[PDB]
């Protein structure tokens, strides 16, 4: 058992209510922000709105701009004991319609005609976050913390992955174990992180199509940082400007974006921690970023089905770039013969199979999609990835099964 996903939000709201929790950047730089106290109150109001609609354990879809209230809606959905279902605002209408329907969304928070031309399921109650009436009703809800006593395995979010997309059900326990495991890893490899409460910032750069965006905001809150974000086209336009002008101290990026932009550590003067993942980094990226004594560079392995990042390791100038490090928190990595449940001798190639608190609940209504299973009566996920363990038990990524 674990503290809930919104635990650190509530904790910093009590101990340091004036710290900034979220900030959204315009202009391109003008910004606006909310304190932990304000973020937490608004999320409780959102949660109370949801509870008044009698929704429990229901899919609540969100298709919003990059706004302060978006963050409060996400947290609110989780405080109300319901499931967050991100739907990227730029998706084609047909694909938005499918996600609403497949997820059985009971309610949706939208703005900006993001749902214009989307077929809504009749069950979907649609709230426009920019509508004077919705704002007035929200401001009228109670602001105290919700009594948060939901089962551990209750879904916290549903994240769709690929021609018919399948929904991955991620539990409260999964997400809260993620925050705990990464709080520990990041605090260890980038100790300045424990000094940055109230000052540092975690750049929320990921598209809402990926679980990474959830990780970014909850890791910011874990450490007392400000989650900072903007319209993605605007943040990506001049990536050095974004890191430099928004005071970013922590970020996650796919490394080819470092290559394309020519980013170096001096373009991000406040940066102390840089997670990369999702593809192998190039030799020059490694040379440039792995030798800094200010920035800790960490390679992260993270299928959606195992909650954002379940293995990671610091990358140094002599590290193999296929190394995905060691399992996080209580996770246990096994390397099994691709066709059986038999462990291979350490050092041999085989399929990576993860066990532990980061393994997701499963796919939503996709009985033929494989990967989740019981192996020796424990819950595991077979990644489809071929790896081998190094002598020191770190894991090298070799390819796809």
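Positions refer to the first chain, counted from 1.
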When you step from residue 28 to residue 29 in this entry, do you jump over none, 1 to 3, 4 to 9, or 10 or more residues of the deposited sequence that have no coordinates?
4 to 9
What number of deposited residues lacks coordinates in the span between residue 162 and residue 163: none, 1 to 3, 4 to 9, or 10 or more?
1 to 3
I need to verify one thing: averaged over C-alpha atoms only, is the B-factor higher for 89-97 or for 181-189?
89-97
Higher-B stretch (mean Cα B-factor, as the entry records it), 367-375 or 29-37:
367-375
Largest Cα B-factor, entry values, listed residues 336, 47, 53, 358
336
Going by the CA temperature factor in the entry, name the top one among 24, 21, 13, 389.
389
How does the C-alpha B factor of residue 147 compare with the rest of the chain: lowest, middle or highest third?
highest
Chain thirds of CA B-factor: placement of residue 67
middle
Pull the Cα B-factor of residue 123 out of the PDB entry and bin it into the chain's lowest, middle or highest third.
highest
If you rank every modelled residue in this chain by C-alpha B factor, which third holds residue 156: lowest, middle or highest?
lowest
Of the three thirds of its chain by CA temperature factor, lowest, middle or highest, which one includes residue 353?
highest
